[PDB]
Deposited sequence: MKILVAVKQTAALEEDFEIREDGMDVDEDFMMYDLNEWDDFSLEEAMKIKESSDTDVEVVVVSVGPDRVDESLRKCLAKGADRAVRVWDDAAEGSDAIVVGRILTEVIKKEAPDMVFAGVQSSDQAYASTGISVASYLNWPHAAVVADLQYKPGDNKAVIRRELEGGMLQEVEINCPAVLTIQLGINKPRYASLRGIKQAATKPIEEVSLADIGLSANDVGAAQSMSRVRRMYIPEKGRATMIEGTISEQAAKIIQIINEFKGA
């Protein structure tokens, strides 16, 4: 039995960040990197399956990214992932969700897992696209926004609950193997705060298959928009709290 979990190391911006001089991205100096929040839940779900099974389950985490991503992969291993795989070449710079989908699929074909888990979306770009793209390239059954999974290793069907707008869920019976995008809250990750390197040649791809040029949208510019501004209440706690109380009553 094998479960493959695709994970992303996301970037969050420090205060007072600036746009690069070319206007196409934020300056790298203002980025802090960590594992995508959705991926904590996806990994924990794979590990719950491993734990429940009296049979052997290999949990492999895979990320497409440059060498900074090793930090996140090592932490995944420390939490119990069996193996961790990083895929990269410089030519892959700027690969969008659909191209990442393609690269992950080339890895998954060689790994031949029994299920593939991905997060619902990334906290940085929130494409909510990558995992379902992998499903399309694999031509596998898929479901997005999975809040519950009833699955035994080697079954040929699973029952999932997908989380809808307003709070309702929908139970769906799905053929396995399947790609599932996993939602926040499906479980409680228990550790709340070598790596195998793969090149494009290893997976039969070239420069012309990956990167910004092969992406489905072209970035014209990134910029900091004018946004709504609150009326900031300055002063001590007592006056800030007084302000709030004056607001509460006028209501």
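Of the deposited sequence, positions 194 to 203, 262 to 264 lack any modelled C-alpha atom.
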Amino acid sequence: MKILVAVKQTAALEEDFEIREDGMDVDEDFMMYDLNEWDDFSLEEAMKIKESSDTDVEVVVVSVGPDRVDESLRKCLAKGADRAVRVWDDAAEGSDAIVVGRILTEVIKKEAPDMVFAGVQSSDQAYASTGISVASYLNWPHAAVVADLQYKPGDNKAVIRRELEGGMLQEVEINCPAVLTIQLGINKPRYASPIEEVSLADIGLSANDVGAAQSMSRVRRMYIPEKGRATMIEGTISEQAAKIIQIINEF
From here on, numbers count along this sequence of modelled residues.
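Think of the rigid core as the biggest set of C-alphas that the two forms share within 1.5 Å after superposition.
Looking at 25 to 33 and 221 to 229, the one farther from the shown form in 5 other deposited structures of this protein by average CA distance, after a rigid core fit, turns out to be 221 to 229. RMS Cα deviation from the shown model in 5 other deposited structures of this protein, rigid core fit, is larger for 184 to 192 than for the other stretch of the pair 184 to 192 / 200 to 208. When the two stretches 80 to 88 and 124 to 132 are set side by side, the higher mean Cα temperature factor goes to 80 to 88. Stretch comparison (164 to 172 versus 177 to 185) by mean CA B-factor in the PDB entry places 164 to 172 on top. Ranking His142, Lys75, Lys109, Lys152 by the C-alpha B-factor listed in the PDB entry places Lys152 at the top.
Taking the PDB entry at face value, the top CA B factor among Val61, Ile49, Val69, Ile203 belongs to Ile203. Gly65: CA B factor lies in the lowest third for its chain, per the PDB record.
When all modelled residues of the chain are sorted by CA temperature factor, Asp34 is found within the middle third. Among the modelled residues of its chain, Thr10 has a C-alpha B-factor that falls in the lowest third according to the deposited record. In the PDB entry, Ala207 places in the highest third of its chain by CA B-factor.
In the deposited entry, the Cα temperature factor of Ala213 places it in the highest third of its chain's modelled residues.
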